[PDB]
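# Summary of the model geometry
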Amino acid sequence: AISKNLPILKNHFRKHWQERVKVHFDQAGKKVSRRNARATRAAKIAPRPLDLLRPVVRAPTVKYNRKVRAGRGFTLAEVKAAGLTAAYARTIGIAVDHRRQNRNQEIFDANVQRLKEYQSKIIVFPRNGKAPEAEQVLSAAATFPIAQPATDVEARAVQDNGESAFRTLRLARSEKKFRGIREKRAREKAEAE
Amino acid sequence: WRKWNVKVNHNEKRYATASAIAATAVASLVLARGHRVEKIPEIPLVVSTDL
Amino acid sequence: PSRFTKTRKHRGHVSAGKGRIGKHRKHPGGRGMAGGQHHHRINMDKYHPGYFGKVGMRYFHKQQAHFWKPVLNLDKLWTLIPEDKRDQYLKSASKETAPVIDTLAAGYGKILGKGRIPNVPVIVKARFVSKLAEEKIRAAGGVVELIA
Amino acid sequence: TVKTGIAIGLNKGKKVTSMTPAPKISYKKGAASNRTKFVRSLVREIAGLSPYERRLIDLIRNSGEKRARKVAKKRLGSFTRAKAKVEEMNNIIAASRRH
Amino acid sequence: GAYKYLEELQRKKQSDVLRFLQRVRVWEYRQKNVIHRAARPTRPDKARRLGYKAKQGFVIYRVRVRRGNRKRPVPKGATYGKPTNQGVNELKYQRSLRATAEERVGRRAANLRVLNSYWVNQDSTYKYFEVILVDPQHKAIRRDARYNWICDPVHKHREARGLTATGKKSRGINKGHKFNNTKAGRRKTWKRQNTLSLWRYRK
RNA sequence: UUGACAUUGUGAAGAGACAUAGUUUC
RNA sequence: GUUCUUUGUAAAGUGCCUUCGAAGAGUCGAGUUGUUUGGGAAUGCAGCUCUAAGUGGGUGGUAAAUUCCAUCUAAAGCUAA
RNA sequence: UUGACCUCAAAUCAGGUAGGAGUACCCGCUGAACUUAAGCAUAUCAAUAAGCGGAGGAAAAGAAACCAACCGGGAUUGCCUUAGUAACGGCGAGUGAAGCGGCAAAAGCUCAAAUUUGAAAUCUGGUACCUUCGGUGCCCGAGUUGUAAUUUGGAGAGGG
Ligand SMILES: [Mg+2]
Ligand SMILES: [Mg+2]
Ligand SMILES: [Mg+2]
Ligand SMILES: [Mg+2]
Ligand SMILES: [Mg+2]
Ligand SMILES: [Mg+2]
Ligand SMILES: [Mg+2]
Ligand SMILES: [Mg+2]
Ligand SMILES: [Mg+2]
Ligand SMILES: [Mg+2]
Ligand SMILES: [Mg+2]
Ligand SMILES: [Mg+2]
Ligand SMILES: [Mg+2]
Ligand SMILES: [Mg+2]
Ligand SMILES: [Mg+2]
Ligand SMILES: [Mg+2]
Ligand SMILES: [Mg+2]
Ligand SMILES: [Mg+2]
Ligand SMILES: [Mg+2]
Ligand SMILES: [Mg+2]
Ligand SMILES: [Mg+2]
Ligand SMILES: [Mg+2]
Ligand SMILES: [Mg+2]
Ligand SMILES: [Mg+2]
Ligand SMILES: [Mg+2]
Ligand SMILES: [Mg+2]
Ligand SMILES: [Mg+2]
Ligand SMILES: [Mg+2]
Ligand SMILES: [Mg+2]
Ligand SMILES: [Mg+2]
Ligand SMILES: [Mg+2]
Ligand SMILES: [Mg+2]
Ligand SMILES: [Mg+2]
Ligand SMILES: [Mg+2]
Ligand SMILES: [Mg+2]
Ligand SMILES: [Mg+2]
Ligand SMILES: [Mg+2]
Ligand SMILES: [Mg+2]
Ligand SMILES: [Mg+2]
Ligand SMILES: [Mg+2]
Ligand SMILES: [Mg+2]
Ligand SMILES: [Mg+2]
Ligand SMILES: [Mg+2]
Ligand SMILES: [Mg+2]
Ligand SMILES: [Mg+2]
Ligand SMILES: [Mg+2]
Ligand SMILES: [Mg+2]
Ligand SMILES: [Mg+2]
Ligand SMILES: [Mg+2]
Ligand SMILES: [Mg+2]
């Protein structure tokens, strides 16, 4: 069972695999139901939108932090700054997250601003009865898109102090690479009687 | 779990539908296809929006 | 489709094109990669030298991402400027106003130096640079600005 | 911290204007408290030392802190608890059969 | 309050006062039947923190289970098989003695639902437990919004399904890298990673 | 089958160390 | 949508100052055995022996000692899609 | 002599509940061998079949003793991907997940540990009536070895 100049393969089919084969034959089916569900809900939910107001948030890890993507909810801080309490903010269709923390003031302002805008651009019907029919915007997401912030300008002057960048990296890499040892030569030379 | 549906490159799908549209002029083509269009004015046959 | 296949053509021939002597039996060589060090060693060395045994060190829980770092060569570079904007900057090669290219924003990690950009000044923002790429960049009056 | 602003090196990372968030109480889950402190002290002097706890202090008087630790590190989980347990024992000793 | 003291006291199991107690009590229990009703918590503070309440509807049972390994049943040790499978005697049983305790009382009081259970004592032969139970059809429980969840049918015999605390433990239901195999619930998560997912427009 | 640990507690004589007060161990 | 009882000397939200801030044990953890896992000086599970603490405790995918750092808050509980 | 209390019994005691079935899908237990390795014992088949206990229209899981190591994310579930990869492996045959990213759906919370102590404020049941999935009066009973109100870490409580 080995011949020719073929690539070595790894087709894992030695369990009773024909026993667990899902064919999404219901791909069209679900889409429709999925769609119907949204429509039933959209109606049931009176004039509210189908979603909640999510916050801006910088993405995790070395790879995606360049981007900014919708988060879960607004942090007790942001909510507070934007002039309301969570208990309420939860009834006004704002998502709140007790877990998330503020450490970056650029994002915190962003989010607070986001809340401000949302607040002004909604209208909250009174508890009474009247229900002054006012037409539903379905999305909150569409309405208040999240965008990537502007990090610089298009053109600008070239300032070259002359220090290679490359070399700064090599040096920087280096400094960390020996950071320990030199603290031992600082401990060992400190014990110079 | 046999293959039922086929994937065509979206672009080529359009090359085809485009091609298809273009032949609906070309009266001999139309003619050839069944379709009794001898005794019609011109092709493409265009008709009032009131339709 | 069945109709184009060579079994349709074998109907009426005794052995389906599998020989009268050597037959078509279940698994003559063994199954799968059986015997790779024995009766299938000749095919394994040649075609697949290097297969058996170990080299290098194990890395438990290696998460790629940690190592994310796409490269862009100077080679292209200028491609990261939209064409309309591009020609505008080529002509009027200058300090005072020179284009800023966030190569991190283009989703690159490091700039390498494949070959010749014009003599236009560029401000190049990147996480990493090959010694040469940066050299060549300065040689047109650009600088590299180190970001994250 | 403060990040260097570059992508390797010691304080590797993006410069950003910082914030330091209001603190989470769930971060003081360890914390003593006057109530528990009192109760634990009181319970201690009701029930007193236990078998391995006696041996530990008799070990302390008669062989030192280092063998007390070694033994205790077998008794308890580990060397760290053992540190903690021998300490706790010294303070039973000094506070009591001394000052 | 008193509870805080009992709590702190119980943590001194090898204390002259607590081992007097433990020894007297373990003898008392061992005389009674292996399943038997308990008049009250012997640990009113433990019970209490595990959801117990001193109102009609709540029931305590004390129960005795044998300690040690699972001797694999098999006549004369004979395993009839490959030899990784030849073991009989060092074999452990995936559920804990606490589960077996809850299970045998829960069966003994099918009209109850098991809520929780705590250890009380052991010797060489037995681990002794006290299972706290609730009566889902007693109106003191059907009212009371806090405990009437227990009245739904989805919670029939939670002890038999690994749904009590001991259950979820050995089921390996926790978040984290250490619980990848078993956490959305092991068998279900195997099925997932061994299902072939074929689309209409094949990927 | 043999050992250790756990179930395992109370005296008394005798050995055993801080090194010939008695907490501890056979 | 309407209509009747006003539930109240009831209930709840928010700002500043001060003192506090109770938070699950034969469990966490450890040794050993066995089973399992991609989990590698040991992924989970169980048996038996040991068995905690409270500026504590768990985790941080290579054992150990030392010093830091980060990150949650276990050993009790409900919940639609 | 009489009355309690603790603990244990009895009744065709007043009212209830459990069993059996079905078992496609769901939660656990227990558990093979054929097979593959061209032989075979580890391995593989497979944490599969058979056997056992227990649910529902879904079950389970779920508001972090999480992921991360970033400019950090933020309950759970599933899809696309990560990836036939990290890793395991007579390092042979074979095996083999997760973090990030897009998406579907979205939702949050409850106790324990607190002196109501100027008033157990709470609750099953019997009973009479009523506007009966319930309410009110009254009476036995539960309950202080703790039934309510209050608070759940995001906090929160007591003073001012
Ligand atoms: Mg497969
Ligand atoms: Mg096979
Ligand atoms: Mg189907
Ligand atoms: Mg939505
Ligand atoms: Mg209204
Ligand atoms: Mg074909
Ligand atoms: Mg055909
Ligand atoms: Mg033909
Ligand atoms: Mg021919
Ligand atoms: Mg032919
Ligand atoms: Mg023929
Ligand atoms: Mg021929
Ligand atoms: Mg042929
Ligand atoms: Mg033939
Ligand atoms: Mg021949
Ligand atoms: Mg190999
Ligand atoms: Mg190139
Ligand atoms: Mg009672
Ligand atoms: Mg067998
Ligand atoms: Mg084995
Ligand atoms: Mg696995
Ligand atoms: Mg294909
Ligand atoms: Mg003996
Ligand atoms: Mg015994
Ligand atoms: Mg807790
Ligand atoms: Mg097993
Ligand atoms: Mg193991
Ligand atoms: Mg360490
Ligand atoms: Mg509860
Ligand atoms: Mg649940
Ligand atoms: Mg009756
Ligand atoms: Mg049944
Ligand atoms: Mg098996
Ligand atoms: Mg077969
Ligand atoms: Mg074979
Ligand atoms: Mg063969
Ligand atoms: Mg054979
Ligand atoms: Mg196996
Ligand atoms: Mg089966
Ligand atoms: Mg049903
Ligand atoms: Mg339901
Ligand atoms: Mg559904
Ligand atoms: Mg559920
Ligand atoms: Mg929480
Ligand atoms: Mg964080
Ligand atoms: Mg998540
Ligand atoms: Mg291989
Ligand atoms: Mg496997
Ligand atoms: Mg997402
Ligand atoms: Mg809710």
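Residues numbered from 1 in each chain as written, not as in the entry; some residues may be left out. Chains lettered and ligands numbered in written order. Part of a larger assembly, values for the part shown. Heavy atoms only, no water.

Per the deposited record, X-ray crystallography is how this structure was determined, to a resolution of 3.0000 Å.

## Considering the overall build of chain A
Stated formally: Here a strand is any run of E in DSSP of at least two residues, a helix any run of H or I of at least four, and the numbering for each starts at the N terminus. Here the radius of gyration uses the C-alpha set of atoms, whereas the globule reference equals 2.2 Å times the residue count to the power 0.38. Under the scheme applied here, a residue whose accessible area is under 20% of the maximum for its type counts as buried, over 50% as exposed, and between as partly exposed, the area being computed with a 1.4 Å probe on protein chains only. What makes two residues a contact is simply this: any of their non-hydrogen atoms within 4.5 Å. For every accessible area listed, the method is Shrake-Rupley and the probe measures 1.4 Å; residues are considered covered only by the protein chains on display. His is not counted, nor are the chain ends; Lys and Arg add positive charge and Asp and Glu add negative charge. Here the site of a charge means NZ on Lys, CZ on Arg, CG on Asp, or CD on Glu.
Helix and strand counts for chain A come out as seven helices and two strands. Taken from N to C terminus, the helices and strands of chain A fall in the order β-α-α-α-α-α-β-α-α. The C-alpha atoms of chain A give a radius of gyration of 28 Å, which is well past the 16 Å a tight globule of 193 residues would have. Principal-axis analysis of the C-alpha atoms places the extent of chain A at approximately 85 × 65 × 45 Å. The burial tally for chain A puts 23% of its 193 residues in the buried class. A separation of at least 24 residues holds for 60% of the contacts in chain A among residues at least 6 apart in sequence. For chain A, the accessible area works out to roughly 14300 Å², and carbon and sulfur atoms hold 54% of it. The average position of the 43 basic charges and that of the 19 acidic charges among the side chains of chain A differ by 10 Å.

## Details of the overall build of chain B
Counting its secondary structure elements, chain B contains two helices and zero strands. Computed over the C-alpha atoms, the radius of gyration of chain B is 16 Å, more than 25% above the 10 Å expected from 2.2 N^0.38 for a compact globule of 51 residues. If you line up chain B on its principal axes, its C-alpha atoms span 50 × 25 × 20 Å. Summed over all atoms, the accessible surface of chain B reaches about 5000 Å², with 58% contributed by carbon and sulfur.

## So, the pattern of salt bridges
All names here are of chain E. This is how it is decided: Should a side-chain nitrogen of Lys or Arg be within 4 Å of a carboxyl oxygen of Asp or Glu, the pair is scored as a salt bridge.
Scanning the model with the defined rule gives 31 salt bridges over all chains in all. Between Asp144 and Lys55 there is a salt bridge whose closest N-O contact spans 2.4 Å. With a gap of 89 residues between them, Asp144 in the loop between α5 (139-142) and α6 (165-170) and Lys55 in the loop between α3 (44-49) and β2 (58-66) connect regions that are remote in the sequence. On the basis of relative accessibility, which here comes to 24%, the residue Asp144 falls in the partly exposed class. With relative accessibility at 29%, the residue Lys55 sits in the partly exposed group.

## Details of the packing of helix α2 (residues 51-63) of chain D against helix α3 (residues 65-75) of chain D
All names here are of chain D. Basically, it comes down to this: Convention adopted: a line fitted to C-alpha atoms gives each axis, helices being fitted over their contacting stretch, and angles between N-to-C directions are expressed from 0 to 180 degrees. Our angle categories are set so that under 35 degrees counts as roughly parallel, over 145 as roughly antiparallel, 65 to 115 as roughly perpendicular, and the remainder as oblique. Here a crossing is taken to be left-handed if its near helix is turned anticlockwise relative to the far helix by less than a right angle, and right-handed if that turn runs clockwise. When residues are sorted by character, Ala, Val, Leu, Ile, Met, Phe, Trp, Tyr, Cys and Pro go into the nonpolar class, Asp, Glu, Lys and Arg into the charged class, and all the rest, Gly among them, into the polar class.
Two numbers describe how α2 lies on α3: the axes approach to 8 Å, and their chain directions differ by 160°. What the angle tells us is that α2 and α3 run roughly antiparallel. Between α2 and α3 lies a crossing whose hand is right-handed. Together, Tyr52, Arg55, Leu56, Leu59, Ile60 and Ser63 of α2 and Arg67, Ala68, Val71, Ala72 and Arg75 of α3 make up the contact between the two elements. Looking at side-chain class alone, the contact of α2 with α3 contains seven nonpolar, one polar and three charged residues.

## Quick word on the arrangement of the chains
With seven pairs of chains in contact, the largest contact count belongs to chains A and C. Chain B shows no contact with chain D. Their nearest C-alpha atoms sit 41 Å apart. At the C-alpha level, the nearest point of chain C lies 10 Å from chain E, with no contact between them.

## Observations concerning the protein's contact with RNA strand G
As a reminder, the rule being used: What makes a residue near a molecule or strand is one non-hydrogen atom of that residue sitting within 4 Å of it. Pairs of N or O atoms are called polar contacts if they sit within 3.5 Å, as long as, within protein, a hydrogen donor faces a hydrogen acceptor (for residues adjacent in sequence, only side-chain-to-side-chain pairs).
Neighbouring residues of RNA strand G: 66 residues in total, closest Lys29(D), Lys83(D), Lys4(E), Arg67(E) and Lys92(E). In the model, a base oxygen of RNA strand G is placed 2.7 Å from a nitrogen or oxygen of the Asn180(E) side chain. Only α1 (34-47), α3 and α4 (79-98) of chain D together with α1 (3-10), α3, α4 (97-108), β3 (113-122) and α6 of chain E provide two or more residues apiece to the surface near RNA strand G. At five residues, the largest contribution of residues to the surface near RNA strand G is made by α4(D). Broken down by class, the residue content of the surface near RNA strand G amounts to 16 nonpolar, 21 polar and 29 charged.

## With respect to the sheet that holds strand β1 (residues 35-38) of chain E
Residue and element names in this part refer to chain E. To keep things clear, this is the line we draw: Strand pairing is assigned whenever DSSP detects at least two bridges linking the two strands.
In spatial order, the strands read β1-β2-β4-β3; together these four strands make up an open sheet with antiparallel pairing. Strand pairing shows two members of the sheet lacking a second neighbour, β1 and β3, which therefore form its edges. With direction set aside, neighbouring strand axes in the sheet form an average angle of 25°. Sheet analysis places β2 next to strand β4 (residues 126-134), joined by nine bridges and oriented antiparallel. Bridge pairing in β4 places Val63 opposite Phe129.

## Re the packing of aromatic side chains
Worth spelling out the cut-off: Between 30 and 60 degrees the pair is tilted, below 30 it is stacked and above 60 it is edge-to-face, where a pair is any two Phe, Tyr or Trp rings, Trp via its six-membered ring, whose centres lie within 6.5 Å.
Scanning the model with the defined rule gives nine aromatic pairs over all chains in all. The interplanar angle of 55° and the centroid separation of 5.6 Å between the aromatic rings of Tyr118(A) and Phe144(A) together place this pair among those described as tilted. Taken together, the positions of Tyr118(A) in helix α5 (residues 105-121) and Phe144(A) in the loop between α5 and β2 (155-156) put the pair 26 residues apart, joining distant regions of the chain. Exposure remark for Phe144(A): the relative accessible area of 10% places this residue in the buried category. Among the aromatic residues, those joined into a cluster by ring pairs are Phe13(A), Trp17(A) and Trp1(B).

## Quick word on the interface of chain C and chain A
Defined as follows: What counts as buried area is the accessible surface, traced by a 1.4 Å probe, that two parts surrender upon association, with contributions from both included.
Contacts between the two partners involve 44 residues from chain C, matched on the other side by 30 residues from chain A. Where chain C abuts chain A, roughly 3000 Å² becomes buried across the two surfaces, and 57% of that area is made up of carbon and sulfur atoms. For the interface between chain C and chain A, the tally reads three salt bridges. The residue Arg156(A) makes a salt bridge to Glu145(C) at a minimum N-O spacing of 2.5 Å. Across the contact surface, chain C and chain A share 14 residue pairs in polar contact. Sorting the residues of the side of chain C that touches chain A by element identifies α2 (41-44), α3 (83-90), β2 (98-102), β4 (123-126), β5 (128-129), α4 (131-138) and β6 (143-146) of chain C as the ones contributing at least two each. Taken together, the residues of the side of chain C that touches chain A sort by class into 21 nonpolar, twelve polar and eleven charged. In the sheet, β2(A) pairs with β2(C) via two bridges, with the strands oriented antiparallel. Following the sheet pairing, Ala155(A) is matched in β2(C) by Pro99(C).

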